[PDB]
Amino acid sequence: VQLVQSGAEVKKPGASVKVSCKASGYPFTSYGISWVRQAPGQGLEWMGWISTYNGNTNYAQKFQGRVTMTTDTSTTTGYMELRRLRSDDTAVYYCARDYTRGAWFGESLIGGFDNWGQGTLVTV
Amino acid sequence: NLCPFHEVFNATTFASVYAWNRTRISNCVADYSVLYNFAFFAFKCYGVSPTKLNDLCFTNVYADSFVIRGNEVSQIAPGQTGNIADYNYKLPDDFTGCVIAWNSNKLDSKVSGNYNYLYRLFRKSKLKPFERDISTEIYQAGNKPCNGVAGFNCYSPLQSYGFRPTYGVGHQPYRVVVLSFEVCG
Amino acid sequence: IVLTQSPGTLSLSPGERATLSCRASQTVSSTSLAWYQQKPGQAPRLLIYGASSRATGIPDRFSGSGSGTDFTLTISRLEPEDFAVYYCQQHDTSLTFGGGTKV
Amino acid sequence: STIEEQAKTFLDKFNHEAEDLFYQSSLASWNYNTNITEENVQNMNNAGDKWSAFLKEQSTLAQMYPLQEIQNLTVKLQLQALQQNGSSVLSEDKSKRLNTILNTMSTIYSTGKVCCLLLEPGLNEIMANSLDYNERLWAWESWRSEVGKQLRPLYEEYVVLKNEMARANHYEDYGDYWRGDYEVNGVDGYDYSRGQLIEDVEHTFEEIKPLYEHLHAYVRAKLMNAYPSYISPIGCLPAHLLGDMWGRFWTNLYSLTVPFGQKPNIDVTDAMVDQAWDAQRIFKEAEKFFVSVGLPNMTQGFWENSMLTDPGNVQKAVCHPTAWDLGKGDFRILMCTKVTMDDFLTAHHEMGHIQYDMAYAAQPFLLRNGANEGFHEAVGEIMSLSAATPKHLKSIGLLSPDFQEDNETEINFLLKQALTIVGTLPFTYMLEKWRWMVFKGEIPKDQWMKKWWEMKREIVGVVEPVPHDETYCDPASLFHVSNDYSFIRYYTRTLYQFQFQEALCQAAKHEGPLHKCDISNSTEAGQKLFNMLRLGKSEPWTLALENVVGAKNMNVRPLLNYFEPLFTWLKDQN
Ligand SMILES: *[C@@H]1O[C@H](CO[C@@H]2O[C@@H](C)[C@@H](O)[C@@H](O)[C@@H]2O)[C@@H](O[C@@H]2O[C@H](CO)[C@@H](O[C@@H]3O[C@H](CO[C@H]4O[C@H](CO)[C@@H](O)[C@H](O)[C@@H]4O)[C@@H](O)[C@H](O)[C@@H]3O)[C@H](O)[C@H]2NC(C)=O)[C@H](O)[C@H]1NC(C)=O
Ligand SMILES: *[C@@H]1O[C@H](CO)[C@@H](O)[C@H](O)[C@H]1NC(C)=O
Ligand SMILES: *[C@@H]1O[C@H](CO)[C@@H](O)[C@H](O)[C@H]1NC(C)=O
Ligand SMILES: *[C@@H]1O[C@H](CO)[C@@H](O)[C@H](O)[C@H]1NC(C)=O
Ligand SMILES: *[C@@H]1O[C@H](CO)[C@@H](O)[C@H](O)[C@H]1NC(C)=O
Ligand SMILES: *[C@@H]1O[C@H](CO)[C@@H](O)[C@H](O)[C@H]1NC(C)=O
């Protein structure tokens with residue numbers, strides 16, 4: 001399994017950034033996609049989760065209102081967008097294939113984030 | 001689209017046996033090969049060989065998930081009787097399906113005792129196949145009403161499991177998934 | 001739920017045993033916790049899930065367990081390639097990560 | 001809608017609620033016994049109180065279901081158990097007073113000292129390993145006059161209070177209360193009156209006595225070599241010279257009484273060390289023994305959660321070889337072993353105990369016990385008899401394959417066991433007979449000691465070295481007396497032990513003398529024993545016994561046969 005993310009971008013304050021994540025090597029609609037941010041010198045901070053089956057989402061309380069997510073099954077690619085970028089939003093944005101929540105029933109699973117992308121650097 | 005069987009087996013929480021969770025699998029491709037490649041503690045198929053299921057289509061497939069003791073797993077099989085078979089989870093003599101069970105001692109047990117799993121101990125009449133009640137009404141054994149009070153000759157119908165990591169093999173918790181075949185492999 | 005890891009800098013020689021701890025402000029299920037390993041310049045990978053279950057492709061050097069508010073990660077023999085930053089997670093409430101520690 | 005069903009429902013709720021509370025108490029106790037500290041003793045006491053309070057409440061519900069309108073025996077056996085009031089029949093002051101007396105008596109025993117020396121370690125060492133008449137007498141006398149003397153005033157009042165509650169529970173006295181443990185009334189053809197125990201014990205005692213008379217005479221003749229000026233050739237043995245504090249066992253005399261002392265006995269301690277044995281090897285080999293006769297293996301929990309080795313000086317965990325059953329399949333052992341034959345044999349005893357516990361584990365909570373109080377030790381004892389057999393030791397590989405079993409070795413072996421088996425029977429018999437007469441007031445308080453002294457002289461052939469006044473209470477110096485335990489199970493156990501063995505040796509098609517019997521690799525012998533073990537208390541002991549030995553009662557023949565090769569030898573010595 002592999003996850004391929006877009007390259008680095010530079011944005012001005014108030015702008016939005018949308019980061020893609022192309023997935024392959026597994027059934028797309030059987031697993032959800034999660035996003036994790038890592039600012040320079042910092043640890044891992046969860047942004048949100050989206051199902052590839054029914055489009056259901058779950059967002060962190062620190063990102064609600066700014067972060068939105070979608071999927072495109074026909075291209076087996078996930079997308080995340082963070083709008084109204086702040087100078088504090090400079091970070092590497094990671095895509096991961098989760099086994100933490102079911103894509104169909106929405107119930108918690110016994111697992112973690114198994115496959116990770118290379119990370120997309122966004123400067124602001 | 002593949003059937004979400006892993007969302008049944010690899011779920012963080014299972015229901016109690018007195019109130020078992022009936023999960024419906026539908027409009028999906030059912031891959032049963034994964035369930036036949038485990039080292040699981042029990043795998044029992046009645047009328048439906050695990051090497052035949054991948055070539056069959058069903059109107060619906062139902063996965064009943066619950067936690068019971070190892071010594072109670074034998075009561076799941078059709079034609080059996082007992083405290084679970086008669087008062088909690090009754091499976092019909094004419095049963096078509098597979099019973100999958102594994103030891104979950106590492107997940108469903110606690111040192112202080114895991115009391116989140118309840119089973120019914122008393123009832124007025126035994127259950128019919130695939131029926132369940134979740135009533136908490138006081139059980140009367142005596143000849144006089146207690147008006148809901150658990151006093152003399154009245155009992156609380158539910159008893160708790162107290163699962164602990166050091167219980168014996170037959171008393172440790174087992175996660176049981178019963179697959180009833182009424183979805184194409 | 002808040003996750004705290006310690007020690008922040010577990011700098012040990014190769015060949016020695018290395019242990020990390022993770023503590024929660026609230027109890028979490030053994031069903032819901034995982035450990036990750038991040039090498040410099042690389043994305044993190046899953047090492048352990050379900051408190052103690054080893055992820056596919058992971059060496060048997062890595063083991064762990066835990067319950068309630070006290071979980072640990074153990075490396076039986078530190079290798080040159082194990083000098084990475086480790087994280088603990090939880091998904092009982094929302095989803096969070098610990099601060100992370102460097103070995 | 002009737003008592004039958006109402007009693008059934010009551011027991012079902014009791015058993016499941018009792019099941020968990022019992023476990024909590026037993027586990028907390030387990031943890032304490034491996035962690036002697038304040039935190040653990042508190043958790044033990046709390047779980048204990050939870051359990052006791054539960055039982056007290058349940059016993060007041062059981063009273064609503066009269067036994068006489070109940071037809072099923074398996075209901076009455078479980079229900080009757082919960083209908084007993086015990087001490088909760090007495091007034092608040094009498095109940096509190098009885099508990100105060102009970103606790104005081106046990107405290108004095110445990111903290112008793114002479115001067116200072118304690119009973120263990122200290123006085124027991126003097127009594128067990130010292131060939132000095134005067135030193136032995138001092139330790140014996142000081143314990144009686146300094147510690148056991150403080151407990152008569154309490155014993156006298158205790159007996160009265162214990163009789164009041166025995167009366168309340170519909171027994172003639174407390175001795176009658178205890179004898180009730182051997183009552184099997186209600187099953188035609190297998191019934192047994194509790195007052196019948198006296199008749200049967202006397203019957204079997206007199207039939208065994210001839211073996212004891214020759215053993216006694218032999219030992220007397222040999223002890224006179226060490227104590228030529230103290231022991232009379234035609235008299236009773238002085239109690240303090242029997243190698244114990246009370247003269248319960250004669251095992252420590254096997255250094256003076258050794259038939260052929262010119263040769264070494266069988267000892268595989270060195271073999272175990274040379275072959276690099278360890279605690280795991282000791283228990284693993286014992287496990288294989290049981291397997292060879294069709295018995296099941298130990299659980300994974302047994303191997304992981306047990307204490308088979310000494311934790312060291314960091315963890316103050318008491319090591320007292322004990323088989324544990326915490327309930328709910330949780331089988332464990334606390335036993336710190338060393339590489340020696342003594343622990344090799346002990347492992348078989350304790351595991352034999354567990355094998356029994358694993359057999360009746362399928363019974364209802366209140367029936368999860370032995371059919372008889374003497375059955376649990378009877379089973380553990382025979383399991384170790386095969387292990388100690390030279391044939392087993394050669395096959396396992398501890399003795400040379402070319403090892404020869406001489407006739408001199410045979411006699412040495414038989415006597416060593418006779419001093420553990422035969423020389424102990426009279427002791428158990430005399431103590432229970434006396435206590436029964438005490439509870440059933442046949443003996444006035446002022447003649448309690450008069451009768452006690454007379455009984456040892458007449459029954460066991462042992463005499464007190466000194467005179468005692470009415471102010472003494474000799475038997476109160478014994479653990480089982482001051483702590484309110486039954487003792488007769490140390491008599492019935494031994495008789496059952498040999499009855500079972502002989503039946504098993506026949507099943508194994510053993511050829512030759514019974515003491516050479518090894519039921520290893522005998523499925524048939526294993527089947528006979530198991531059938532008795534799995535019953536628990538669901539059946540009369542008079543039926544559980546028959547299933548193996550063909551008798552509806554205890555017997556003596558098997559015991560007399562076991563030591564027959566010694567008996568004839570002894571005759572030629574006397
Ligand atoms: C419940 O979840 C488990 C674990 O799932 C994995 O971990 C989670 C967190 C996610 O990352 C999942 O995507 C992972 O799959 C599933 O068990 C796994 O099932 C797969 C498919 O059958 C197994 O893959 C096979 O492994 C064979 C080799 O096995 C031997 O070697 C491995 C080590 O590599 C060892 O762990 C194993 O015990 C054997 O010694 C291989 O030959 C075969 O071709 C294939 O690759 C995988 O090994 C299983 N993992 C475990 C721990 O069992 C369950 O299937 C899932 N349940 C359901 C119903 O889906
Ligand atoms: C039982 O099933 C219901 C759906 O009918 C679900 O909402 C609930 O969470 C399940 N219970 C458990 C413990 O999974
Ligand atoms: C013994 O009990 C103490 C109680 O404070 C506990 O801290 C200690 O860890 C226990 N020892 C072991 C080996 O569990
Ligand atoms: C007593 O009840 C048991 C069920 O526990 C039953 O098997 C047995 O046959 C009953 N015996 C009688 C005489 O009713
Ligand atoms: C126990 O006490 C109750 C209440 O006094 C009494 O009715 C019952 O018969 C007693 N049972 C026994 C065995 O003494
Ligand atoms: C006990 O386990 C051993 C393997 O270690 C096996 O050979 C033996 O047959 C088992 N005995 C029983 C009764 O299961």
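Residues numbered from 1 in each chain as written, not as in the entry; some residues may be left out. Chains lettered and ligands numbered in written order. Heavy atoms only, no water. Residues with missing side-chain atoms left out of burial classes, pairs and counts.

### Points about the interface of chain D and chain B
How big an interface is tends to be stated in terms of accessible area lost as the parts join. This is how it is decided: By the convention used here, residues are in contact when the closest approach between their heavy atoms is within 4.5 Å. Helix and strand labels come from DSSP, where a helix needs a run of H or I of at least four residues and a strand needs a run of E of at least two; each type is numbered from the N terminus. As a working rule, the residues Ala, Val, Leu, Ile, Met, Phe, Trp, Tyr, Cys and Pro are called nonpolar, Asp, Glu, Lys and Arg charged, and the rest polar, with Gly in that last group.
Taken together, the contacts link 17 residues of chain D with 20 residues of chain B. No other element matches the ten residues that helix 1 (residues 3-33) of chain D contributes to the side of chain D that touches chain B. For the side of chain D that touches chain B, the residue count by class is four nonpolar, six polar and seven charged.

### Quick word on the packing of aromatic side chains
Our working definition: The rule is short: rings of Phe, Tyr and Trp, with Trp giving its six-membered ring, pair when the centres are within 6.5 Å, and they are stacked under 30 degrees, edge-to-face over 60, tilted in between. For a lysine, the NZ atom is tested; for an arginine, the CZ atom; a charge sits over a ring if that atom is within 6 Å of the ring centre and within 35 degrees of the ring normal.
A ring pair is formed by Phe66(B) and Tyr89(B), whose centres lie 4.8 Å apart and whose planes are at 45°; its orientation type is tilted. With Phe66(B) in strand 3 (residues 61-69) and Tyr89(B) in the loop between helix 2 (83-87) and strand 4 (97-103), the pair connects residues that are 23 residues apart, well separated along the chain. Where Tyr429(D) meets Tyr491(D), the ring centres are 6.4 Å apart and the plane angle is 45°; that geometry is what we call tilted. Here the residue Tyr429(D) occupies a position in helix 17 (residues 425-439), and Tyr491(D) occupies one in helix 20 (residues 489-507), the gap between them amounting to 62 residues. Ring pairing ties together the aromatic residues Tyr155(D), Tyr158(D), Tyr171(D), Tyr174(D), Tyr177(D), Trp178(D), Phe439(D) and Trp448(D), which thus form one cluster. In this structure, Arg97(A) is placed above the aromatic ring of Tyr26(A), and the distance from its NZ or CZ to the ring centre is 5.2 Å. We note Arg281(D) situated over the ring of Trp277(D); from NZ or CZ to the ring centre the distance is 4.4 Å.

### Overview of the environment of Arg493(D)
All names here are of chain D. Heads up, the condition is: As used in this structure description, the phrase polar contact means that two N or O atoms lie within 3.5 Å; if the pair is within protein, one of them must be able to donate a hydrogen and the other to accept it, and residues adjacent in sequence are counted only when both atoms belong to side chains.
Here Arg493 lies in helix 20. Discounting residues that sit within four places of it in the chain, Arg493 has contacts with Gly374, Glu377, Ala378 and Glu381. In this structure the side chain of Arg493 is engaged in a polar contact, spanning 3.4 Å, whose partner is the side chain of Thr494.

### Some remarks on the sheet that holds strand 1 (residues 2-5) of chain A
Strand-to-strand pairing in sheets goes through backbone hydrogen bonds, with the strands running parallel or antiparallel. Residue and element names in this part refer to chain A. Note the cut-off: Any two strands are treated as partners once DSSP identifies two or more bridges connecting them. An axis is simply a line fitted to the C-alpha atoms; with a helix, the fit covers only the stretch in contact. Between two such axes, the angle follows the N-to-C directions and lies from 0 to 180 degrees.
If you walk across this open sheet you meet the four strands as 1-3-8-7, and the pairing is antiparallel. Of all the strands in the sheet, just strand 1 and strand 7 (67-72) have a single pairing partner and so form its edges. Ignoring which end each strand starts from, the neighbouring axes of this sheet average 20° apart. When strand 7 meets strand 8 (residues 77-82), the two strands line up antiparallel, connected through six bridges. The partner of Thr70 across the bridge, within strand 8, is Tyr79.

### Quick look at the UniProt feature "disulfide bond" in chain B
All names here are of chain B. To be explicit about the condition: Whenever a pair of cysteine sulfur atoms sits within 2.5 Å, that pair is classed as a disulfide. UniProt positions are given in the numbering used here, feature names are shortened, and annotations may be inferred rather than shown by experiment.
Annotation check: the disulfide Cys45-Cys98 recorded in UniProt is satisfied, the sulfur-sulfur distance being 2.2 Å, below 2.5 Å. One end of the pair, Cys45, is in strand 2 (residues 42-46); the other, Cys98, is in strand 4, and 53 residues separate them in sequence. For the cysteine pair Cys146 and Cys154, annotated in UniProt as disulfide-linked, the sulfur atoms lie 2.0 Å apart, within bonding distance in this model.

### Considerations on the arrangement of the chains
There is a gap between chain A and chain D: no contact, and a shortest C-alpha distance of 25 Å. Kept free of each other, chain C and chain D leave a smallest C-alpha distance of 17 Å between them.

### Considering the interface of chain C and chain A
Of the residues lining the interface, 17 residues belong to chain C; the matching set on chain A comes to 17 residues. If you list the elements that add at least two residues to the side of chain C that touches chain A, you get strand 3 (34-38), strand 4 (45-49) and strand 7 (85-90) of chain C.

### Observations regarding the packing of helix 7 (residues 152-168) of chain D against helix 17 of chain D
Residue and element names in this part refer to chain D. Note the following rule: Any angle from 65 to 115 degrees is called roughly perpendicular, while one under 35 is roughly parallel, one over 145 is roughly antiparallel, and all others are oblique.
At their nearest, the axes of helix 7 and helix 17 sit 10 Å apart, and the two run at 75° to each other. As the angle between them shows, helix 7 and helix 17 are arranged roughly perpendicular. In contact with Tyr155, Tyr158, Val159, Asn163 and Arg167 of helix 7, helix 17 contributes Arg435, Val438 and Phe439. Class assignment for the residues of the contact of helix 7 with helix 17 results in five nonpolar, one polar and two charged.

### Section: the state of the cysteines
With a sulfur-sulfur separation of 2.1 Å, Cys57(B) is cross-linked through a disulfide to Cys184(B). Linking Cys57(B) and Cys184(B), the disulfide has an S-S dihedral of approximately 120° and is accordingly described as right-handed. What pairs with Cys115(D) in a disulfide is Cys116(D), and their sulfur atoms sit 2.0 Å apart. Residues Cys115(D) and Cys116(D) are joined by a disulfide whose S-S torsion is about 75°; by sign, that bridge is right-handed. Indicated for chain B is the disulfide connectivity 1-2, 3-5, 4-8, 6-7, based on numbering the bonded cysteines in sequence order.

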